[PDB]
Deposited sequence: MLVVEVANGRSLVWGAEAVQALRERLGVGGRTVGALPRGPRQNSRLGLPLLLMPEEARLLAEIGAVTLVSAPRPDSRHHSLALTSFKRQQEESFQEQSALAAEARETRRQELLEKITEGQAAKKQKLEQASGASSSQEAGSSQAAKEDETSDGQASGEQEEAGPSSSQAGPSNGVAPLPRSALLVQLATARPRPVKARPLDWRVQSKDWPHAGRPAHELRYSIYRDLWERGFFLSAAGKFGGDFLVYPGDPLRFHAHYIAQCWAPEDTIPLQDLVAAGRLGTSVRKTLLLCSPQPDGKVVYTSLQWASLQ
């Protein structure tokens, strides 16, 4: 069982093991929005915080693997103990890092020995700033966060009860029951991208478009989405729930006539 701290309708995951479990077991990968430690000034590969979609959080909570908790707030009953523990930890890190740096310097000097000697012969004959601290991407302390109720609209979960979220959640659940991987497709003109497998190695084929049944479809939008899918080698796949507890799709393609 995992935890996904929710705040203002934003599901974020701050653990690497949580994302490892989500992508492998539950077939959900989400997106990364942080900054990479090993290079912060590039936008090619981003950091840890996993921006799970509202549907990706509701569904994972509705299957018994994710417990949506609300983001805690500062508690004044632990600050003194936290300060004492933090000071002890920083002193321990100071000592250990100093020792390790000294040993590393000694080892490298021994390795370069006799070369230092050759240099010195050819010549004569002729720590505070070093301390390292971690800017942790997740809380280093455990917190007691009240769980979240997602069936009743609230301030930390404004999604429940809205049509645009319920329809998308139904379509996401039905497309995820079939073992597909799913991801947002704002760039591609649709609400989802359907990958036959992990999106790392495999492309996607279907650019979903979560349309309500009675909602009118502007034919120009349909044509644009179909042509975009063609130009990306993907088939537009309309989706919509039905009152009889079933969802019907319609693979829209371009006939090369």
{"item": "Stretches with no C-alpha position, numbering per deposited sequence from 1", "value": "127-178, 310"}
